[PDB]
Each structure stands twice: as structure tokens, then as C-alpha cells.
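Following: one structure in C-alpha cells, then a few remarks.
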Amino acid sequence: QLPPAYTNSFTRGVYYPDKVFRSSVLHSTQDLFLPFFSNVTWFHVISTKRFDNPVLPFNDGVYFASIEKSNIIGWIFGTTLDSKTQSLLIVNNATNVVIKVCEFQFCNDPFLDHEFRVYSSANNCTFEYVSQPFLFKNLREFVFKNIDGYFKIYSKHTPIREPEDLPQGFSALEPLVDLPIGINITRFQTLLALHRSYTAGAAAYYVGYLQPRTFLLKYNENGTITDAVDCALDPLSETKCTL
Amino acid sequence: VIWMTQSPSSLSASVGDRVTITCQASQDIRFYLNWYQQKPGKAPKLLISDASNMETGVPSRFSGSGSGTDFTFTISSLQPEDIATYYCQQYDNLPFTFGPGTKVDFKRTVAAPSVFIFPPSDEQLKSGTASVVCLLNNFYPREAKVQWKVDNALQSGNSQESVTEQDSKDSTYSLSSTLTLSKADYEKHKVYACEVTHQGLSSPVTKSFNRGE
Amino acid sequence: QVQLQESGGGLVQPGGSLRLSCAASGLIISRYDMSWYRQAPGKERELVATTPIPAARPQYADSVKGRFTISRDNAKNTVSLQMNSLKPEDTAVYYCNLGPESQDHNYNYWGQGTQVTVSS
Amino acid sequence: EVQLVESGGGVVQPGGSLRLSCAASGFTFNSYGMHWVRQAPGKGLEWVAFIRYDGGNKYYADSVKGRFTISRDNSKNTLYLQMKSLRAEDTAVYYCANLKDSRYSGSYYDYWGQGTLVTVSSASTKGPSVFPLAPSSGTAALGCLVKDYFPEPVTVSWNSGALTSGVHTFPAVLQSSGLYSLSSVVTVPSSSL
Ligand SMILES: *[C@@H]1O[C@H](CO)[C@@H](O)[C@H](O)[C@H]1NC(C)=O
Ligand SMILES: *[C@@H]1O[C@H](CO)[C@@H](O)[C@H](O)[C@H]1NC(C)=O
Ligand SMILES: *[C@@H]1O[C@H](CO)[C@@H](O)[C@H](O)[C@H]1NC(C)=O
Ligand SMILES: *[C@@H]1O[C@H](CO)[C@@H](O)[C@H](O)[C@H]1NC(C)=O
Ligand SMILES: *[C@@H]1O[C@H](CO)[C@@H](O)[C@H](O)[C@H]1NC(C)=O
């Protein structure tokens, strides 16, 4: 297996905690957030078969980032990833998205065709959702949370000179979907589409994990978050948080 | 807390024989079980996860099944490299719990021990202590019994036993029994009997020692 | 600088069909749970309709079931209510703002409003 | 590749304290929970303590509860075990573990360390003492003995090491005095003399 690489998180990962309107205030919130200036892991897909799709822990929430030039990247979430338990499948088809919750039997290499080669059997289906697709080079960022019997997705998409490090700037992730599923999640995996040879590509992504922390957020007159500070980052920010 | 039990404790099988081991739990743990394998002097290795799912690289001969309280582990053909100890672990509820363990050996026909007896040396007597030793060399079956008799008396607490592992060329054991005596009470009694009982001999064999000799 | 303007309303015969539109400036609908409110002479104020975040269904009131439909156009910041048949006792003024779960303690804002009347 | 290395083993008097360190290399250490496992000499496997990915919640077994502490230093990829009020039943070999679990820590891979020996005793270091046994003259009978030495290993040499025959080394057994004892092979192929 290829060695892992790390990159600085910078000021990324801030999302809207709740659904309440706040304008021209400063609010202190204790919630699950990505700590500032943390190290995140970086996954490559480089061409005795290649194993570039590991199975990773979910913990208490996941921050996912992709900088793909073309669309190679859906997801699988679950506990056992077999037929003994239920799993969540998200697939981004060319025209529509499909979200399903069933008992699946997933293959050893769940790849896609540029289609249903992800599972051999799917029984006991208890959820099904179809909607618009989630969609130069662009940076697409997602935050996945699983709390009180609800799966919450937050998304952001920003058009991009140097791609070596994640950009230094502030942007807030906006709510996308709140699925009312009731399953337990401890593992997750990513799906890659392989074009048939007459297969790899520039598929790189970043994964990070959230922690319980207290943040101070600034709201503007229109309800948009403009600045945020981490209380436990440094002694200088402690004075600002204490007030 | 959860108790774990395994059966059997020790097993011996020949080449090409199917082997079955059982693990039992105190309460329901669904299919959250793991099966391990450890060889002497090395860290354990995981074989079966979730009570049915194997792992990449594990040969096709191994298998596992069961659910609830009872779980079963199975080997089809016993290749020579399957001598180890297997443990069953549960992870349904913290704290976790391992099992006692099951040992697996190879079988071979009955053999005959060559029991020897050795007296303490003079250099031992020069330092105010002595130890008498009985040797059982090259007997196959693990279970064998050695008893020290002082004028036809039964005593315990002054005897210690050491047994080695299987020897690859012949698959056979060796056993040593030691009994410690002080310099004031070593030759006071002529009757020192080493009695060996095993299923490899037609009759139990007792060899005596002569004081001074 | 939040500003809400409601349009669509007036005098109609019983059991008509009306489409009320809400234009919001300074606010992004995609982030909040919006609602439709009603107040009547001497009736104080009572909730009418609610439109939660996607992957959830509308929740009406018990006495208004099966008579209104809601829509949410996020691209142009529009909330619309389509009116089915109604009893003549439904004449009132209708407001458009955030839902009960999207309001703080210090929120006192209400737009102009629209009048709807059933002529019997 | 993946490598776990442990350090801190040795000899501790009763009532003492000790600290064991563990270093991880080759994989993302800050995304998993970790376990401490111990094995007694000539006995089974036991589970000691568990820590989550960001510190926080810590779990201990009922035997080592109230006198053991677990912690992690994520900046240097290090795991610690602090041991207090030690007694003679803790003599064992310790490993760091990343265990595969579909519940709690959702690890899809399992890794183990090398191991470190911790011995609790009040006896100082000492050198072996030898007393032979009477050799009787296959019928090749003889005797050798090593006795009264504390530290666990031993240097094996029968006849200058020219031949590898007679290699069955009987394991050492601990005495009530506090020191160890061994023996050695008796009969050798009588075709060399
Ligand atoms: C997936 O996209 C293809 C593209 O043409 C379309 O034909 C198909 O109907 C889509 N799947 C579903 C379930 O609509
Ligand atoms: C759920 O799965 C069981 C076992 O496969 C099956 O017997 C049952 O009919 C299923 N229920 C459904 C599909 O509603
Ligand atoms: C999911 O996790 C909760 C939390 O302990 C547990 O009570 C529940 O049994 C789990 N689900 C299943 C199907 O076991
Ligand atoms: C808020 O939005 C209004 C209209 O959408 C705009 O005129 C105003 O400048 C915005 N406030 C800012 C950008 O601070
Ligand atoms: C990130 O990695 C660097 C280099 O190993 C280290 O100095 C730094 O402390 C790490 N960040 C955190 C938050 O531990």
C-alpha cells in the first residue's frame, strides 16, 4: 500500500450549525468542528492490482474535499458493508442522484462503468430518494454528520494559481439535505468510475475528522458568516473568546 | 461483563483430518466475534472477522459459522503449518474479552520412554544444597506421570517438572523432574524411588537409588 | 436589510384558486425553514403552513388540511402558496416569514401583507 | 510498512510505578483508537485499556482499574501506559494493538506491536551457579544444571558450539527463593566417540 501524505487544513471546514436567523451579532457555540491548522490526509490514485480505495473510519463526522479535473468520484456508508446489516448508498448519475438504504452485498472492488457493478444483491429496501445532481477545475467540499437519527450533508463549490496547498480563505458550507434514516455508521468508502480500456486518473481527495470544540462566529446583516475564531487554538484567541 | 469459553482445551489431529473448535458466550453478542491464531514467540494473527467473513490471503481451508451464543471454527485439511493457539474475542460491549485458548498438535504412534535417574554431584554438596533429577527422554504422548517415593511415602511441594515442545523431526517430547534436598537430609534414607507411569509401557517402571552409591 | 414583499390577493368567490408569491431581499431561503402565517379580526395570530429543509415533508395545521400547497424556488428566492377551495370564513391577511424554529428571542419583523376575501 | 515499537520494559519493585511508550509509523495514527494487551508467561491473552482517536473517553478493565492510566500524545504519535501500585501478578509481556472492529472503532485493518516484558520482583541481579550430575555409562546418561540466577535470558553453550545436536533446552522455571533454574540434553549421537 502507498504511503500517506498530510496537508495543512488552514481555515476550512466552517458550516452553519443551526437553522436560526442571526444578523449583526457575535455568537459562541460549542459543537463539532474541524480544528484550525490541523493535518489532513491526502489520497492518490496512481497506476499486482492497485488498491487506491481504502475503507476509513467515520468517527463523529467527516469533512471531505475533492479537486478533481473531471468527474471520477458516490459513497457507501455503513457498519459491516455486507448483507448482515443495512447501508446507505449515494450515487451521482448523469441526470439524477439516487440515495438508497437497503441490505446490500457489495463487491470486493465496487467500481462504476462510464453501472450496477457495485452490488450483487440488494434486499429489504426502506428508503429511496431522487433529486437533481449535486454538481475548468473546481474544489468541491462536503461535510457529513450523523446525529439523532438524521444524516446531514453540507456542501460548497468554489471555482479555483498554486494547487500545492489548500487555499487560505474563508467560506461557509451551506445545508443541502437532511435524510431521516435511522442506521448506525462507523465505516465509509468512496466510489470511482473506471473507463473501460480499448484504468486510473487524477483522483485526489482529502479526509478530515471533527472534534468537540467551541467557536466564535460573526454574522453579517444579511445572515452570512464572515469570520470565525477558534478559542483553544492559541493564547491570543483565548482573550478574544473570554471577552 | 461477558465470559468466554472454548472447547476443547487441547487437541491432536493427523494430516488430512477436519478440525472443529467451539466458542461460547455468556450473553447474546450477535455476530460480533473475531478468531485469532498465535505461534510461540510471535504476535497473534487475525483469521475470521464478524464470525463468517474471512480476510485477504487466508487460505480457503479455514471457515467459521455460528450466531448468538454458540460459534464454530473449522479446518478442512491440516497442513503442517497449522500448529498454533486460537482465541475467540467479542466486541459487542466494552470491556472486551478474550478466550482461554485451544492448542493443536500432530499425532504419532505410541513410543517408549528411556527413564534415567541422576544423583547430586559432590560440588553440589560442597555448597550446602542438593537436587535429584529424573529424566524421561523421547516419549510421544503428552500425559505422563512421575512420582518420587521416600520409603514408600507420598509427598508434594518439593518437586518441579519441565516439559519441552514438539521436536520437528520426530514429533516427540522430553520431561525433567527435580526434587531439592538439603545436605543434612539427602543420604539419611536409602529408599529413593522414581516411579514412571505412562500408557506406552506394559507396566509402570520404578527405579531406585542407593545412598552413597 | 431583510425585506419581504407579498403579492397576490383580493376579492374572490368561494372555492377559488389563488397563487400568493413572496419576494425576499437580504435573505437566502435555502438556509432556513420558512412558513406562511395568517391573522384574522379578533383572532390574534395562528400558524398556517410550514416548509422544512429538503428530505422532509410540509406540515400543515389540523383545520387547513388538503386546501393549500407550498412551493420553494431557491434560484429566485421565491415562496409560493397555491390556494384550493375555501369556506367564506377564511377571509384574512396573510404573512410570509421564517418558521417557528427559525426565529430567535429578539425577532420582531413583519412585512406589509396581503388581503384575501371571499365574497358570499 | 506499518510498524509499532514499544519501549519501557524491565524490573520493578513491589509498590512501584512504571511508564511504557509506544511509537507508530507507516499509517494515520490520529484517526484510530488504540488498545493495550498483556500476556502472562505461559498463560492466555488479556485486555487492559482502550483510548479513542482524540483522547477523551478512556476505558479500563476491572482488574487494572483505579491504578492504571492511558493517554496519547498525538503531536509525536505516541501512546502511554502509566502503572502504579504494582504487584507480582502483573509480570507479563505487553503489546500495542489496533484491532479490527465493526462497532466502536471502525478499523478495517489490524496491527500489533513487538512486545515488552515487565517483571515485578525484589531480587537483585546475580550470576548463574552450576552443579553437575553423575554420568552413567544407547545408554548415554549424564547431567548438567544451571541454578540461582535472576535475569530472564541465558547463554547456551554445551561443548564449544561445534555441533548443533543436543539442542533441546528445557524452559526455566521460577523458584520460591526468587531465582531460576534450567537443564540440558543428556544423550547425544554415540557415533562421534
Ligand atoms: C441515469 O442516467 C442515464 C443517462 O441517460 C439515464 O438514461 C437513466 O435513466 C438514469 N437513471 C435513472 C434511474 O433515471
Ligand atoms: C426482508 O428480508 C427477509 C430476509 O431476506 C425477507 O424474508 C423479507 O421478505 C424481506 N422483507 C421485505 C423485502 O420487505
Ligand atoms: C446502534 O447504536 C445504538 C447505540 O448504542 C445501539 O443501541 C443500537 O443497538 C445500534 N443498532 C443496532 C441495530 O444494534
Ligand atoms: C445584503 O443584500 C442586499 C440585497 O441582496 C445588498 O444590497 C446588500 O449590499 C447586502 N449586504 C452586504 C453585502 O453587506
Ligand atoms: C502536523 O504535522 C506537523 C509535522 O509532523 C506537526 O509539527 C504538527 O504538530 C501537526 N499538527 C498537529 C495539530 O498536531
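Residue numbering restarts at 1 for every chain of the C-alpha cells, chains are lettered A, B, ... in their displayed order, and ligands are numbered from 1 as they appear.
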12 Å contact set for residue A:77, only C-alpha atoms, chain neighbours under 2 positions out, as a ChimeraX atom specification: /A:55-59,61-62,74-75,79-82,85-91,99-104,106,144-146,151,181,183-191 /D:106
Filtered DSSP result for chain D, state strand (DSSP E or B), as an MDAnalysis selection string: chainID D and resid 3:7 10:12 18:25 34:39 45:52 55:60 68:73 78:83 92:98 111:112 116:120 129:130 133 146:147 181:182
Can you write just those residues out, C-alpha atoms, as a PDB file, in the first residue's frame?
```pdb
ATOM      1  CA  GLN D   3       5.449  -0.638  12.359  1.00  0.00           C
ATOM      2  CA  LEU D   4       4.659  -0.388  16.071  1.00  0.00           C
ATOM      3  CA  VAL D   5       7.562  -0.200  18.533  1.00  0.00           C
ATOM      4  CA  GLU D   6       7.290  -0.435  22.325  1.00  0.00           C
ATOM      5  CA  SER D   7       9.739   0.700  24.992  1.00  0.00           C
ATOM      6  CA  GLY D  10      12.304  -4.033  32.884  1.00  0.00           C
ATOM      7  CA  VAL D  11      12.313  -4.785  36.591  1.00  0.00           C
ATOM      8  CA  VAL D  12      10.164  -3.000  39.184  1.00  0.00           C
ATOM      9  CA  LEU D  18       6.344   2.499  35.549  1.00  0.00           C
ATOM     10  CA  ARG D  19       5.630   4.163  32.212  1.00  0.00           C
ATOM     11  CA  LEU D  20       5.519   2.392  28.841  1.00  0.00           C
ATOM     12  CA  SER D  21       5.734   4.203  25.499  1.00  0.00           C
ATOM     13  CA  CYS D  22       4.636   3.133  22.030  1.00  0.00           C
ATOM     14  CA  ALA D  23       5.505   4.642  18.642  1.00  0.00           C
ATOM     15  CA  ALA D  24       3.557   4.136  15.405  1.00  0.00           C
ATOM     16  CA  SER D  25       4.856   4.565  11.867  1.00  0.00           C
ATOM     17  CA  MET D  34      -5.751   2.052  20.354  1.00  0.00           C
ATOM     18  CA  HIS D  35      -5.604  -0.802  22.864  1.00  0.00           C
ATOM     19  CA  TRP D  36      -3.136  -2.247  25.369  1.00  0.00           C
ATOM     20  CA  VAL D  37      -2.862  -6.051  25.537  1.00  0.00           C
ATOM     21  CA  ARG D  38      -0.911  -8.169  28.030  1.00  0.00           C
ATOM     22  CA  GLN D  39       0.047 -11.845  28.142  1.00  0.00           C
ATOM     23  CA  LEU D  45      -4.252 -13.133  26.436  1.00  0.00           C
ATOM     24  CA  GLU D  46      -5.780 -10.248  28.393  1.00  0.00           C
ATOM     25  CA  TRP D  47      -7.233  -6.843  27.508  1.00  0.00           C
ATOM     26  CA  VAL D  48      -6.023  -3.828  29.502  1.00  0.00           C
ATOM     27  CA  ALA D  49      -7.168  -0.427  28.223  1.00  0.00           C
ATOM     28  CA  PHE D  50      -8.664   1.408  25.245  1.00  0.00           C
ATOM     29  CA  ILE D  51      -8.414   5.031  24.088  1.00  0.00           C
ATOM     30  CA  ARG D  52     -10.327   6.863  21.356  1.00  0.00           C
ATOM     31  CA  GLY D  55      -8.159  11.216  23.713  1.00  0.00           C
ATOM     32  CA  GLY D  56     -11.291  11.943  25.691  1.00  0.00           C
ATOM     33  CA  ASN D  57     -13.107   8.782  26.725  1.00  0.00           C
ATOM     34  CA  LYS D  58     -10.847   6.102  28.217  1.00  0.00           C
ATOM     35  CA  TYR D  59     -11.768   2.534  29.158  1.00  0.00           C
ATOM     36  CA  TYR D  60     -10.038   0.228  31.649  1.00  0.00           C
ATOM     37  CA  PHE D  68      -3.602   2.354  35.565  1.00  0.00           C
ATOM     38  CA  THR D  69      -3.758   5.356  33.238  1.00  0.00           C
ATOM     39  CA  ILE D  70      -3.783   5.592  29.437  1.00  0.00           C
ATOM     40  CA  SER D  71      -3.008   8.625  27.288  1.00  0.00           C
ATOM     41  CA  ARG D  72      -1.871   9.639  23.819  1.00  0.00           C
ATOM     42  CA  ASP D  73       0.449  12.369  22.545  1.00  0.00           C
ATOM     43  CA  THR D  78       2.952   8.242  20.931  1.00  0.00           C
ATOM     44  CA  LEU D  79       0.828   6.123  23.267  1.00  0.00           C
ATOM     45  CA  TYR D  80       1.497   5.876  27.006  1.00  0.00           C
ATOM     46  CA  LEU D  81       0.607   3.486  29.807  1.00  0.00           C
ATOM     47  CA  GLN D  82       1.190   4.615  33.398  1.00  0.00           C
ATOM     48  CA  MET D  83       1.253   1.888  36.051  1.00  0.00           C
ATOM     49  CA  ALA D  92       3.737 -10.119  31.623  1.00  0.00           C
ATOM     50  CA  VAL D  93       4.510  -9.092  28.034  1.00  0.00           C
ATOM     51  CA  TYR D  94       2.727  -6.022  26.674  1.00  0.00           C
ATOM     52  CA  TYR D  95       1.647  -5.130  23.128  1.00  0.00           C
ATOM     53  CA  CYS D  96       0.039  -2.108  21.493  1.00  0.00           C
ATOM     54  CA  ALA D  97      -2.962  -3.079  19.382  1.00  0.00           C
ATOM     55  CA  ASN D  98      -5.068  -1.629  16.592  1.00  0.00           C
ATOM     56  CA  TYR D 111      -1.894  -4.294  13.603  1.00  0.00           C
ATOM     57  CA  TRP D 112       0.178  -5.444  16.581  1.00  0.00           C
ATOM     58  CA  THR D 116       7.907  -5.556  26.128  1.00  0.00           C
ATOM     59  CA  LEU D 117       8.499  -7.593  29.287  1.00  0.00           C
ATOM     60  CA  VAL D 118       7.717  -6.176  32.731  1.00  0.00           C
ATOM     61  CA  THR D 119       8.898  -8.142  35.774  1.00  0.00           C
ATOM     62  CA  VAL D 120       7.938  -7.276  39.353  1.00  0.00           C
ATOM     63  CA  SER D 129      25.740 -21.237  39.640  1.00  0.00           C
ATOM     64  CA  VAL D 130      26.399 -24.736  38.302  1.00  0.00           C
ATOM     65  CA  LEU D 133      25.087 -34.644  37.899  1.00  0.00           C
ATOM     66  CA  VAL D 146      22.158 -24.128  35.894  1.00  0.00           C
ATOM     67  CA  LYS D 147      20.632 -22.627  39.028  1.00  0.00           C
ATOM     68  CA  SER D 181      16.861 -22.988  37.058  1.00  0.00           C
ATOM     69  CA  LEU D 182      17.383 -24.980  33.858  1.00  0.00           C
TER      70      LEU D 182
END
```
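Neighbouring residues of ligand 5 at a cut-off of 8 Å, counting only C-alpha atoms and all ligand atoms, are residues 6, 7, 8, 37, 38 and 39 of chain A; 74, 75 and 76 of chain D.
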Store the residues of this selection in a file with N, CA, C and O atoms, as a PDB file, in the first residue's frame.
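Resulting contents of out28.pdb:
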```pdb
ATOM      1  N   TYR A   6       0.233  14.230   4.179  1.00  0.00           N
ATOM      2  CA  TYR A   6      -0.533  15.143   5.011  1.00  0.00           C
ATOM      3  C   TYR A   6      -0.411  16.563   4.478  1.00  0.00           C
ATOM      4  O   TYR A   6       0.596  16.935   3.871  1.00  0.00           O
ATOM      5  N   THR A   7      -1.458  17.350   4.712  1.00  0.00           N
ATOM      6  CA  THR A   7      -1.510  18.740   4.280  1.00  0.00           C
ATOM      7  C   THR A   7      -2.218  19.560   5.352  1.00  0.00           C
ATOM      8  O   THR A   7      -3.045  19.046   6.106  1.00  0.00           O
ATOM      9  N   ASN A   8      -1.878  20.845   5.423  1.00  0.00           N
ATOM     10  CA  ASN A   8      -2.427  21.737   6.437  1.00  0.00           C
ATOM     11  C   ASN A   8      -3.871  22.093   6.099  1.00  0.00           C
ATOM     12  O   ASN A   8      -4.193  22.384   4.943  1.00  0.00           O
ATOM     13  N   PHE A  37      -5.708  24.697  11.619  1.00  0.00           N
ATOM     14  CA  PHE A  37      -4.298  24.358  11.437  1.00  0.00           C
ATOM     15  C   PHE A  37      -4.020  22.903  11.812  1.00  0.00           C
ATOM     16  O   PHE A  37      -3.023  22.579  12.458  1.00  0.00           O
ATOM     17  N   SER A  38      -4.920  22.026  11.391  1.00  0.00           N
ATOM     18  CA  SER A  38      -4.776  20.594  11.586  1.00  0.00           C
ATOM     19  C   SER A  38      -4.227  19.942  10.322  1.00  0.00           C
ATOM     20  O   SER A  38      -4.268  20.511   9.229  1.00  0.00           O
ATOM     21  N   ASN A  39      -3.701  18.733  10.485  1.00  0.00           N
ATOM     22  CA  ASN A  39      -3.152  17.960   9.381  1.00  0.00           C
ATOM     23  C   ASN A  39      -4.208  16.987   8.874  1.00  0.00           C
ATOM     24  O   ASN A  39      -4.828  16.270   9.667  1.00  0.00           O
TER      25      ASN A  39
ATOM     26  N   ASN D  74      -0.556  13.035  20.445  1.00  0.00           N
ATOM     27  CA  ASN D  74      -0.792  12.966  19.012  1.00  0.00           C
ATOM     28  C   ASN D  74       0.225  13.765  18.213  1.00  0.00           C
ATOM     29  O   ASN D  74       0.387  13.513  17.015  1.00  0.00           O
ATOM     30  N   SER D  75       0.907  14.724  18.842  1.00  0.00           N
ATOM     31  CA  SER D  75       1.895  15.519  18.120  1.00  0.00           C
ATOM     32  C   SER D  75       3.080  14.668  17.682  1.00  0.00           C
ATOM     33  O   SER D  75       3.616  14.859  16.585  1.00  0.00           O
ATOM     34  N   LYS D  76       3.502  13.723  18.523  1.00  0.00           N
ATOM     35  CA  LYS D  76       4.651  12.876  18.231  1.00  0.00           C
ATOM     36  C   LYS D  76       4.270  11.429  17.952  1.00  0.00           C
ATOM     37  O   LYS D  76       5.159  10.573  17.878  1.00  0.00           O
TER      38      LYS D  76
END
```
Distance filter 6 Å around ligand 4, atoms: only C-alpha atoms and all ligand atoms, out as a ChimeraX atom specification: /A:222 /C:25-26
Contacts to ligand 2 at 7 Å cut-off (only C-alpha atoms and all ligand atoms) as a PyMOL selection string: chain A and resi 123-125
Just the selected residues (N, CA, C and O atoms), exported as a PDB file, in the first residue's frame, please.
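result.pdb, freshly written:
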```pdb
ATOM      1  N   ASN A 123     -31.553  -6.208  -0.799  1.00  0.00           N
ATOM      2  CA  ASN A 123     -32.835  -6.636  -0.262  1.00  0.00           C
ATOM      3  C   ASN A 123     -33.238  -5.753   0.912  1.00  0.00           C
ATOM      4  O   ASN A 123     -32.411  -5.067   1.514  1.00  0.00           O
ATOM      5  N   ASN A 124     -34.534  -5.777   1.224  1.00  0.00           N
ATOM      6  CA  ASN A 124     -35.098  -5.032   2.352  1.00  0.00           C
ATOM      7  C   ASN A 124     -34.844  -3.532   2.207  1.00  0.00           C
ATOM      8  O   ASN A 124     -34.182  -2.908   3.039  1.00  0.00           O
ATOM      9  N   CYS A 125     -35.381  -2.952   1.139  1.00  0.00           N
ATOM     10  CA  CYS A 125     -35.181  -1.534   0.873  1.00  0.00           C
ATOM     11  C   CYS A 125     -36.223  -0.706   1.613  1.00  0.00           C
ATOM     12  O   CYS A 125     -37.427  -0.953   1.490  1.00  0.00           O
TER      13      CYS A 125
END
```
Produce a table with one row for each residue of chain D that has an atom at most 12 Å from any atom of ligand 3, each row naming the nearest atom pair and its distance in Å at one decimal; use only C-alpha atoms and all ligand atoms; arrange rows by chain and rising residue number; format as a Markdown table.
```
| residue | atom | partner | partner_atom_place_in_ligand_line | distance |
| --- | --- | --- | --- | --- |
| D:102 | CA | ligand 3 | 14 (O) | 11.1 |
| D:103 | CA | ligand 3 | 2 (O) | 8.7 |
| D:104 | CA | ligand 3 | 5 (O) | 9.4 |
```
Put those residues in a file: N, CA and C atoms, as a CSV table (one decimal), in the first residue's frame.
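This is the output file out22.csv:
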```
chain,number,residue,atom,x,y,z
D,102,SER,N,-16.2,-3.7,13.8
D,102,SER,CA,-17.3,-3.1,13.1
D,102,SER,C,-18.1,-2.2,14.0
D,103,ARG,N,-17.9,-2.2,15.3
D,103,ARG,CA,-18.5,-1.4,16.3
D,103,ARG,C,-17.4,-0.6,17.0
D,104,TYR,N,-17.8,0.6,17.6
D,104,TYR,CA,-16.9,1.5,18.2
D,104,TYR,C,-15.8,2.0,17.2
```
Residue set, chain B restricted to helix (DSSP H, G or I), as a ChimeraX atom specification: /B:122-125
Test item: residues at most 9 Å from stretch 41-48 of chain A, only C-alpha atoms, excluding those fewer than 5 positions along its chain, as JSON, numbers by chain: {"A": [2, 4, 5, 6, 7, 53, 199, 200, 201, 202, 203, 204, 205, 206, 207, 208], "D": [28]}
Write the residues of the selection above to a file with C-alpha atoms, as a tab-separated table (two decimals), in the first residue's frame.
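Written output follows (part_37.tsv):
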```tsv
chain	number	residue	atom	x	y	z
A	2	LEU	CA	1.16	3.53	-0.88
A	4	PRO	CA	0.19	8.51	3.22
A	5	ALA	CA	0.66	12.25	2.86
A	6	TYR	CA	-0.53	15.14	5.01
A	7	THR	CA	-1.51	18.74	4.28
A	53	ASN	CA	-9.81	2.82	-2.32
A	199	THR	CA	-7.57	2.48	-15.53
A	200	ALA	CA	-6.71	5.43	-13.28
A	201	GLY	CA	-6.78	9.21	-13.27
A	202	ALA	CA	-6.11	12.41	-11.35
A	203	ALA	CA	-8.34	11.32	-8.47
A	204	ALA	CA	-7.09	13.00	-5.29
A	205	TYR	CA	-9.16	13.71	-2.19
A	206	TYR	CA	-8.79	14.92	1.39
A	207	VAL	CA	-10.40	13.44	4.52
A	208	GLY	CA	-10.61	15.03	7.97
D	28	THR	CA	-2.52	7.50	10.06
```
